[PDB]
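Structure, as C-alpha cells:
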Amino acid sequence: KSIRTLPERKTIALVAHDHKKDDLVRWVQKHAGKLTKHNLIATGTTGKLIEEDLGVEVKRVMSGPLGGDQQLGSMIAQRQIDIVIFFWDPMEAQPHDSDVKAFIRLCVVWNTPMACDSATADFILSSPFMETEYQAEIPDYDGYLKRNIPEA
Amino acid sequence: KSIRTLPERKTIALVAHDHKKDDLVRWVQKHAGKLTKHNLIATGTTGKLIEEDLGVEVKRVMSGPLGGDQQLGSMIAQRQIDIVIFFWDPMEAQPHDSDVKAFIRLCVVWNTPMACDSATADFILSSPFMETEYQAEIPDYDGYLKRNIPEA
Amino acid sequence: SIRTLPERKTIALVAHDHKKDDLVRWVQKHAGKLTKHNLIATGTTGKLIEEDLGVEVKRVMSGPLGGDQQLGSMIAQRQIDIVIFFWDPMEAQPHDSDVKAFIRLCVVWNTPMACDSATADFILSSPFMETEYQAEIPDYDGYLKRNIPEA
Amino acid sequence: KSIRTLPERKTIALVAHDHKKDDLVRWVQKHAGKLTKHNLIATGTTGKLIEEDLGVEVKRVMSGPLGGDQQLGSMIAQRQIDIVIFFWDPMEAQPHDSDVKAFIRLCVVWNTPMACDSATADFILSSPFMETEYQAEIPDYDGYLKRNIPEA
Amino acid sequence: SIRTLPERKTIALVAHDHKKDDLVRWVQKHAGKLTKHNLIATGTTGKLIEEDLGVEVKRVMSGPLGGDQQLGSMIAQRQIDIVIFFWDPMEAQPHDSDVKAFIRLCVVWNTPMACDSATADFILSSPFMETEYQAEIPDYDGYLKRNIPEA
Amino acid sequence: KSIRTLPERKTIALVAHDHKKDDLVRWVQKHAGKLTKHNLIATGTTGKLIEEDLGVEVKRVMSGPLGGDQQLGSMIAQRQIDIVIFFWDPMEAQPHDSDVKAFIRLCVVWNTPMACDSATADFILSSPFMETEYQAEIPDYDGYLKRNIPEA
C-alpha cells in the first residue's frame, strides 16, 4: 500500500556463515567489477576477510553474533541498505553463526532484495534494476502501528 | 564444485502464506506474460487462488502444511523445480502457515534461485538468466555422504 | 474421515548420526518381524542397514539433502504406514534431520511413529503390525476451504 | 548400555493441546477399561476435562504451560511415569500450548514409550508390554556426567 | 576487560502487547526514580508511556519493524545500560518482538536486563542504579581471530 | 491480580551452560558470604563444581538436559525457588546445553527474579530485597484455567 525507492547506486550488505565465507569471497571476486560500483558493507569477520583476501573496500560493522546482525538490520529498517547477500550454511551452521530467520525476516518486512545463495545473488546482480531506481511495494504498517493494545 | 544447468524454460514454484496470498496473486497477474513462458507449480491453496482469480494454469500439489511443502521440497532436491517464489509473512504468520526455515533451507542446499518477497522476485524475473540457461554451482556433498558415523 | 493401514506395512527407518548404530541394532534384533514389510530409509541410514545387516531397504536421498522431504511426501501421500525415527536428544548435529518438521506430518495424518526404541518395540509388538488398522484422521475440508484474508 | 525396567502396572501421562483435548477424551473413553488398570496422571486442564466428561480418575498436576509440562518431565526423569500419551496440535497450536519439543525430548532421553497421535497410542496400548515388565535400553550417561568442563 | 555503566543510565523499555499495560503501570510506579535516567523504547511502547503518563521517552521504530534491531545495535554499541523487557510467556503474538534474539545480545555484552517486573524491581532497587557499575565483559578476542574453514 | 511473597531467606537456583560454568563458579566465589545465607540449589554438574571448588553447600538435582531443567522448573512453578541465576551461553551453546527458552519462560510466567548474566546477578544480589520479604505481583491465570475448550 506504500512504496520504498531503491536508489540507482545501491548499498549492498555482504554476510556469510563461517562455512560459506570462502564461497562468498569467491563470489565477490568474480563480481568485483559490478560490486565495486556500489556501496559495500559487511559484518566484521566477513568484511575483514574480503579486504584481506581481495583488497576490495568494504565498510564493516561488528561481528554478526556480537551485534553486527542488529546493526545491519537497523540499517535495512532505516532504508540505508538496499540489497542483502547472505550466504548462510544449511548444513554446518555453528552455534555462533548469525541468526538466519531474524536477519531475513526484516528484509521481507521492508521488501528488500535478498539472496541466500550464489544462484539468487547472480540473478539479482544481473538484473537491470542494479543500475536503475527500483520501486518496492511495502505493506502499509500504519494500521499495525495504530492497533488496539489489550487491557491484560 | 559440481555444476547444475537450469533449462531455458523454468519450472517455477509459487507459495504464499495466507496473509501474502493476494500479494502473490497480484504479482503473478502483473508478470503473466513473462510467467506463462514457464511451467508453474504451487501448493494447493495458493495454486487454486491463482487459477480461480487469474485463469492462469498452475499445477497444484497438496496444501503446504498438509505435505505440499515436502512435495515441493522433494522436487527441489530432485532438480525438478528451478526457481522458488515464496511470499512468506514476517508479521502475522499463522499457526498453520508453511514452515519458513525448513522450506528455504533446502533451496539453499541445492543453490536454487529463490525469492521471499516481490522485490527479490522482480529482480529474478528481470534477469537475462530467466529466459536462458543458467549454470548453478552445487555444493559438494560427497564428503558429507561418506562421513564417519559415530559408535554411540 | 478414516484411513486404513494395509496388512503389509511400509516402514520408514531414519536415525540421527549418534543413533544410527542403535537403529541398526534394533533392525537386527527385529529382523524377522521387519522383513515381512516394505522398508525405506534416508540415504545414509539405509546404506548402513544394507551394508551391516544385508537387509533390503529402499533408500531415498540423505535426510538433510532432501530425503526428509521425500519421506514426508510419502507420509502425506499415505505411502508410508509406520515411521521409526531414532533422533538424538543430546548431541543432535547441525546437519541432523530436523525433528519437528518430520514428526509433525505424522501427527497431521495420524501415522504411527516411534522416536525411540521403546516406542518402536511397543509398535512392532502390536497385533496391528500384521493386520489392517483403521485410523481416524483429522478433517481438513474446513481448513482447505478457509477464507483467505485481503492482506 | 544401562536398562530401565517398566513395572507391570504403568503410570500413564495424558496430555493434549487445546484443539486435541476432545480427541484425547474420546480416546480415553474408548480405552477406559484398559487405562483404569494403570495409574493415570495429566496436566491440569486435560485431567479436569477427563474427570468431568468421563468420571475417570486422573491425578492432576498444574496446567501444562504454567509448569505442568515440567512437573511431568520431572517425573519422567525420576522414572515415576512409564508411558506418555501427548496429543499435540500440528496445525493450530496456540501461543500457550505446551512446548512440543522440550516435552518429548526428555521422553527420548529416557527411552519412554510415547504417543503423539491416536494411531501410535492405539499401537502402544495393544502391546503385550502394557501388562508386563518391559526392559528399556537407556544410554549410559555416566560419560556425559563426567565430561570435561571447558575453562572458558 | 571491564565496561563502566555511568551514574545516569540509559534504560530501554520494551513490552509485548499483552504486557504493555503492566510496563506502563510499572513505569508509573517508579516514575520519580526512572525519569532521573535516559529512557528509550520501541515505537508503540514508548508512545503508550508518553500518552498514558506524560513521561518523556525517546522512541525508535516499532519492535518487529526494526525497533528490536535498533535497540540491539545500541546495546552492542554500549549506548544502552539497562534493558527492561516485559515479554509475554503465554499469549505472545505473531508480531511480538523476538524474545531470544533480543535478550541474547544483552547476555553477549553482560547488560543488566529484566524480563518481568520482579527482576525490574530488584534492578531498580540496586544501589548500582545511581552509581557507576563495572561490568565484566566476556573476551571475544579468540572468537574474532578464529580460523575460517576452507569450505 | 495475585501476589506471591518471597521469604527473607531465599531459595536460589544456580545454573550454567558448560562454557559459562567457570564464570558462574567465579561469581559464586565472589559473592559467597552473601549467598550462603540462602538456600542454594543447582543442576547436577553445576552444583558439584560449586561444592567441590568452593566448599559452598548446594542441593543438587539431576543434570540439566537429563531432567534437571524440569526439576528446577517444577520447583519454580510450585514457588519453591525464589531467584534464578542462569548463566547461559549466547555464543557456543552446545547440543546438550539446558534449553534457554523453556527455562526462562516459566520464571516469567511466575514473575521470578532472574539473572542471565553476571551484571544482572550483581544488581539482584545488591538489592535490599535480597534479605527481606518481597511481594511479587503475578498474573491471574484463573481465566486461562477456566477457558473454553474448542470442539475441534
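Protein chains in written order, with the deposited numbering: chain E, 2 to 153; chain F, 2 to 153; chain A, 3 to 153; chain B, 2 to 153; chain D, 3 to 153; chain C, 2 to 153. Note that the Cβ used here is the ideal one computed from N, Cα and C, for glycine as well.
Chain F contact for residue i (CB, 8 Å cutoff)
{"i": "D:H20", "result": "no"}
{"i": "E:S99", "result": "no"}
{"i": "A:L15", "result": "no"}
{"i": "A:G144", "result": "no"}
{"i": "E:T12", "result": "no"}
Residue-chain proximity (residue i, chain A), Cβ-Cβ < 8 Å
{"i": "F:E152", "result": "yes"}
{"i": "C:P96", "result": "yes"}
{"i": "F:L25", "result": "no"}
{"i": "B:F104", "result": "no"}
{"i": "F:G48", "result": "no"}
{"i": "F:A78", "result": "yes"}
Test: residue i CB closer than 8 Å to a CB of chain C
{"i": "A:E93", "result": "yes"}
{"i": "B:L55", "result": "no"}
{"i": "B:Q71", "result": "yes"}
{"i": "B:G45", "result": "yes"}
{"i": "B:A137", "result": "no"}
{"i": "D:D141", "result": "no"}
Coil, strand or helix - residue i by DSSP
{"i": "A:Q136", "result": "strand"}
{"i": "A:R148", "result": "coil"}
{"i": "B:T44", "result": "coil"}
{"i": "A:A116", "result": "strand"}
{"i": "C:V62", "result": "coil"}
{"i": "A:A153", "result": "coil"}
{"i": "B:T121", "result": "helix"}
{"i": "F:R27", "result": "helix"}
{"i": "B:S3", "result": "strand"}
is_contact[residue i, chain B] using C-beta, thresh 8 Å
{"i": "C:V29", "result": "no"}
{"i": "C:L7", "result": "no"}
{"i": "A:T113", "result": "yes"}
{"i": "C:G34", "result": "no"}
8 Å contact criterion, which residue i and residue j should meet: CB distance rounded
{"i": "A:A120", "j": "B:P8", "result": "So it is not a contact: roughly 14 Å between Cβ atoms."}
{"i": "B:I51", "j": "B:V59", "result": "5 Å"}
{"i": "A:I84", "j": "A:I125", "result": "7 Å"}
{"i": "F:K2", "j": "F:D141", "result": "4 Å"}
{"i": "B:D24", "j": "B:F88", "result": "6 Å"}
{"i": "C:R80", "j": "C:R5", "result": "6 Å"}
{"i": "C:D118", "j": "B:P151", "result": "With 8 Å as the limit, C:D118 and B:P151 do not qualify as a contact, their Cβ atoms being about 18 Å apart."}
{"i": "A:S64", "j": "F:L146", "result": "6 Å"}
{"i": "E:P91", "j": "F:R106", "result": "4 Å"}
{"i": "D:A94", "j": "B:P96", "result": "5 Å"}
{"i": "C:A78", "j": "B:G68", "result": "2 Å"}
Closer than 8 Å to chain D by CB, residue i
{"i": "E:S64", "result": "yes"}
{"i": "E:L126", "result": "no"}
{"i": "E:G74", "result": "yes"}
{"i": "C:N149", "result": "no"}
Closer than 8 Å to chain E by CB, residue i
{"i": "D:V109", "result": "no"}
{"i": "F:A120", "result": "yes"}
{"i": "F:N40", "result": "no"}
Within-8 Å CB hit, residue i to chain G
{"i": "A:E132", "result": "In the displayed structure, chain G is absent; the protein chains listed are E, F, A, B, D and C."}
### Message
Closer than 8 Å is the cut-off here; do at least three beta carbon pairs connect the region 41-55 of chain A with the region 35-42 of chain F?
### Response
no
### Task
Would you mind listing the beta strand (DSSP E) stretches within the region 74-113 of chain D that are 3+ residues and don't spill past its ends, in chain order?
84-88
### Task
Decide if the region 100-108 of chain C is in contact with the region 47-62 of chain C; the criterion is three or more beta carbon pairs, one per stretch, under 8 Å apart.
no
### Task
Tell me, please, whether the region 7-22 of chain D touches the region 72-86 of chain D by the rule of three or more beta-carbon pairs shorter than 8 Å.
yes
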